[PDB]
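The listed protein sequences correspond, in order, to chains D and Y.
Its first residue numbered 256, the first sequence is counted upward by one per residue in the UniProt record's numbering.
Its first residue numbered 254, the second sequence is counted upward by one per residue in the UniProt record's numbering.
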Amino acid sequence: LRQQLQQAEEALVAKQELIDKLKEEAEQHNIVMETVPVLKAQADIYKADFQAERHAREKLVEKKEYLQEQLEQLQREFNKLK
Amino acid sequence: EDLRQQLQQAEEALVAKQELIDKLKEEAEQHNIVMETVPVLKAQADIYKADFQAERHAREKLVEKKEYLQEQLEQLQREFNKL
């Protein structure tokens, strides 16, 4: 009897099946990975804009502190006449 | 005699089969490592978009204060211009 070699064959079919599962998953991995370029692009521009927004807003704060002391100074220059 | 000797060809396959399995099981591990790049980028896209909107909205609010402050800087100076 060669029930030894129906072992060499049982495992062998088991391995080929793993290979086929593995490949299916490598395929799925490959599709989902095509999505990365778009995600990378989206993340990049949205980070550049966020930084430009916050930049231009920082610059508003400084231009508004300035205008608060243009009023402050004009009210005190004005009040001394009245 | 040879009716048994066909594992000597089966094991020459049982082996070249972990050849693929490993060049795969280890490819799969770099497949999942680089796959981590996606929830993060996804997170950054829509979180940085949210932050951009919030910053845009605060920019908005500041432009209002900025212009409601020059509407006061004008009409007060028009009265100071009566000298």
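Beta carbons are placed, not taken as given, at the ideal position from N, Cα and C, and that holds for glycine.
- Judged by DSSP secondary structure, residue 288 (chain D) falls within the alpha helix (DSSP H) whose first and last residues are 265–289.
- For residue 321 (chain Y), no CB of chain D lies under 8 Å from its own CB, so it is not counted at the interface with that chain.
- In the DSSP assignment, residue 256 (chain D) falls outside any alpha helix (DSSP H), carrying neither H nor E.
- With contacts defined as CB atoms closer than 8 Å, residue 294 (chain Y) and residue 298 (chain D) qualify as a contacting pair.
- Taking 8 Å as the cut-off, the Cβ atoms of residue 326 (chain D) and residue 328 (chain Y) do not count as close.
- Between residue 316 (chain D) and residue 322 (chain Y) a beta carbon distance of about 13 Å is seen, past the 8 Å cut, so the two are scored as non-contacting.
- For the segment 297–320 of chain D, residues whose beta-carbon sits nearer than 7 Å to a beta-carbon of chain Y comprise 297, 298, 301, 302, 304, 305, 308, 309, 311, 312, 315, 316, 318 and 319.
- Straight through space, the alpha carbons of residue 261 (chain D) and residue 258 (chain Y) are spaced by roughly 13 Å.
- Contact annotation for residue 274 (chain Y) against chain D: 270, 273, 274 and 277 [CB-CB distance below 8 Å, chain order].
- Within chain Y, not a single residue places a beta-carbon under 8 Å from that of residue 331 (chain D); the smallest gap is close to 11 Å.
- Pairing residue 300 (chain D) with residue 336 (chain D), the inter-Cα distance amounts to about 54 Å.
- Cβ atoms of residue 281 (chain Y) and residue 281 (chain D) come within 8 Å of each other, at about 7 Å.
- Residue contact with chain Y for residue 259 (chain D): present (Cβ-Cβ distance below 8 Å to some residue of chain Y).
- Residue 305 (chain D) is positioned such that its CB atom lies no closer than 8 Å to that of residue 333 (chain Y).
- Here the alpha carbon of residue 291 (chain Y) sits roughly 9 Å from the alpha carbon of residue 287 (chain D).
- Chain D has a Cβ within less than 8 Å of the Cβ of residue 264 (chain Y).
- Residue 263 (chain Y) and residue 303 (chain D) have their C-alpha atoms spaced approximately 59 Å apart.
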